[PDB]
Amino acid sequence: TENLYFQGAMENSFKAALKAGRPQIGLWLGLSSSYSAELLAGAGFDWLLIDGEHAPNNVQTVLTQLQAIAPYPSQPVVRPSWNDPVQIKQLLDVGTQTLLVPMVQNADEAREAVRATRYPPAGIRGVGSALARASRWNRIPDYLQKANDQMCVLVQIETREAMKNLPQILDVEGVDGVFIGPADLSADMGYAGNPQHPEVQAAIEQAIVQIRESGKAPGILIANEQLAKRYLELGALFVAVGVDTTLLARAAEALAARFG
């Protein structure tokens, strides 16, 4: 069984599902807890986003959430605080295989994101596999030779500039998905973080169509179910449909109010 476990651990199931065009339904994790992460790992989502940008996470809390999530069918995705090669290196060594990189503005930045995930000559990933949960402390055989192909890089387009540079970003080898962040986008477009305006919606839907056309996976986070279904219909392949903090806050609030 250990052998079975290790020859099984390497494979990036999320990446494989995106390549095959299987839509993946996700939940955002901002509770920054390995305990609630495990609870939510059993809810039935295809993927769970561990947010190191907008939730108080770091490399150490990412590690314990990956450990919590590990035995479940739900697949972890991790958002670094920015497109930082050092931070990406550290997240990969604790076992991150799927990265959601915020604020990717152009093809150079997208390329930098991809190269941060890959060992030389294909990138600049630093080698420390004996030390790393990524290789299970060198129990995964041929880890150094197998690692690059199982990395999944998803880049966020969150500004008008990023939207303008989209065709070039879609040309970058190793960018597997492009995620539209509606809150940051509408803010950049002058709608103060509220995406429910026709101009923001048009830019979002056009982008999803262009992304899918290139053969890459479109992604988005949207709490409105009707909009989520509509993005799915247009070809989005990684769609986060809620946020743990929001689910908890709204369920508790609605419950308290039912009792006055």
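Start at 1 with the first residue shown and count on from there.
*Asks:* Which wins on mean Cα temperature factor, 185-193 or 150-158?
*Replies:* If you average the C-alpha B-factors of 185-193 and of 150-158, the larger mean comes out for 185-193.
*Asks:* Comparing 221-229 with 26-34, which stretch shows the greater average C-alpha B-factor in the deposited entry?
*Replies:* Comparing 221-229 with 26-34, the higher mean C-alpha B-factor belongs to 221-229.
*Asks:* Which third of the chain does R136 land in by C-alpha B-factor: lowest, middle or highest?
*Replies:* It belongs to the middle third of the chain when residues are ordered by C-alpha B-factor.
*Asks:* Splitting the chain's C-alpha B-factors into thirds, which one does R79 fall into?
*Replies:* Answer is lowest: the recorded C-alpha B-factor places it there.
*Asks:* Divide the modelled residues of the chain into thirds by Cα B-factor and specify which third, lowest, middle or highest, holds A240.
*Replies:* Within its chain, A240 is a lowest-third residue by C-alpha B-factor, going by the deposited values.
*Asks:* Among the modelled residues of its chain, does the C-alpha B-factor of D93 lie in the lowest, middle or highest third?
*Replies:* As the PDB entry reports it, the C-alpha B-factor of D93 lands in the lowest third of its chain.
*Asks:* Comparing against every modelled residue in the chain, figure out the third that the C-alpha B-factor of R250 lands in (lowest, middle or highest).
*Replies:* Its C-alpha B-factor belongs to the middle third of this chain's values.
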